[PDB]
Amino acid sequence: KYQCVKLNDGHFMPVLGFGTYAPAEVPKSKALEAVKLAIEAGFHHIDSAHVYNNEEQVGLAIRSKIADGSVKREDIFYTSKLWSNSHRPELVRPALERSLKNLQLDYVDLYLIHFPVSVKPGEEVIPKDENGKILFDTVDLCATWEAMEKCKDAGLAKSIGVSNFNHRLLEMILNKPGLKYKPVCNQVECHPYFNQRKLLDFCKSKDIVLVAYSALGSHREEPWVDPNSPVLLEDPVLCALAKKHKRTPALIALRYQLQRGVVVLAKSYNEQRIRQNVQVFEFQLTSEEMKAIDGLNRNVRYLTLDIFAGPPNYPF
């Protein structure tokens, strides 16, 4: 057994997920080893994406742990994400199918619209013209969503949701004429320096689960994250709580999200830290402790993805 939350489509999501994105100079071979270790350690939820260029490796890890008897498919919750070169409705299903072919899995547990800004179709994930300008596309995300809905009806994705959607964009889905399935989740950046209280409350009001990414304060990889940004795990309140509980500031940050009703992801490729992260289920924080962490909030967004800024659907 393991701790899960019931989603608004009746499916269940394990409340601690393993993040698999790593910076491009980390060999992709490391994702295979990391995901096996995560499963060994007790992660039952794995988070990936077409754009991470690791599905072949993450799929092999998963297949390997099923084929060797360590786990059944039904006790792995695997997430993929639809990349912005395949937002046009007729391209959605084929993108899910290529992900599944690369994974050698029959279905994904969850399939997300990765990012609301669309780019031109084709093999290149960031297509650019000869002058280096990103080739943006104009796509109605309500039509993208209908195509997602069909992928759920075909059984290829058990559940569907979104990522990096703001209030306006969620409403655009929620208020869609003929809407068949709400998003089960909105995966977004969330941590004690950016606690997303406002959007969290909105999502709760609509029974959408907020899935927190960069919950340990991000990979901090340039140029995507401003190296001047404060180091979350160096926070003195988190480090003092850690010290007090004989845990680590990472565990404190992760426990904070579980108690506030958020599903939390944690990436690590390091064997010790992978094992340590499942200890989030071994301790609890008091109301006073929780309030102290709410106090750390400071409007710090680490991951702007501002290479996609300009178009109206840029969410930040």
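Under this definition, the rigid core comprises the largest set of C-alpha atoms superposing within 1.5 Å between the forms. Don't overthink the numbering: it's just position in the shown sequence, from 1.
Peer 1: After fitting on the rigid core, pick out whichever of 122 to 130 or 194 to 202 shows the bigger RMS C-alpha deviation in 7 other deposited structures of this protein.
Peer 2: Between 122 to 130 and 194 to 202, greater C-alpha deviation in 7 other deposited structures of this protein belongs to 122 to 130.
Peer 1: On mean C-alpha B-factor from the PDB entry, just flag whether 299 to 307 or 10 to 18 is the higher one.
Peer 2: Higher mean C-alpha B-factor: 299 to 307.
Peer 1: Can you tell me which stretch has the higher mean Cα B-factor, 279 to 287 or 65 to 73?
Peer 2: Per the PDB entry, the higher value belongs to 65 to 73.
Peer 1: If I read the C-alpha B-factors straight from the PDB entry, which of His44, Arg255, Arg247, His50 is highest?
Peer 2: Result of the comparison over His44, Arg255, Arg247, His50: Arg247.
Peer 1: Out of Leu112, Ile134, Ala215, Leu179, whose C-alpha atom has the biggest B factor in the entry?
Peer 2: That would be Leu179, according to the entry.
Peer 1: Taking the chain's C-alpha temperature factors as the reference, tell me which third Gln259 falls into: lowest, middle or highest.
Peer 2: It falls in the bottom third of the chain.
Peer 1: Please say which third, lowest, middle or highest, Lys198 falls into when its CA temperature factor is compared across its chain.
Peer 2: Tercile = highest for this residue's CA B-factor.
Peer 1: Is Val26 in the lowest, middle or highest third of its chain when residues are ranked by C-alpha B-factor?
Peer 2: CA B-factor rank for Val26: highest third.
Peer 1: Should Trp224 be placed in the lowest, middle or highest third of its chain by the C-alpha B factor in the entry?
Peer 2: It falls in the top third of the chain.
Peer 1: Lowest, middle or highest third: which one holds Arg168 when the chain's residues are ordered by CA B-factor from the entry?
Peer 2: Middle third, going by the recorded CA B-factors of the chain.
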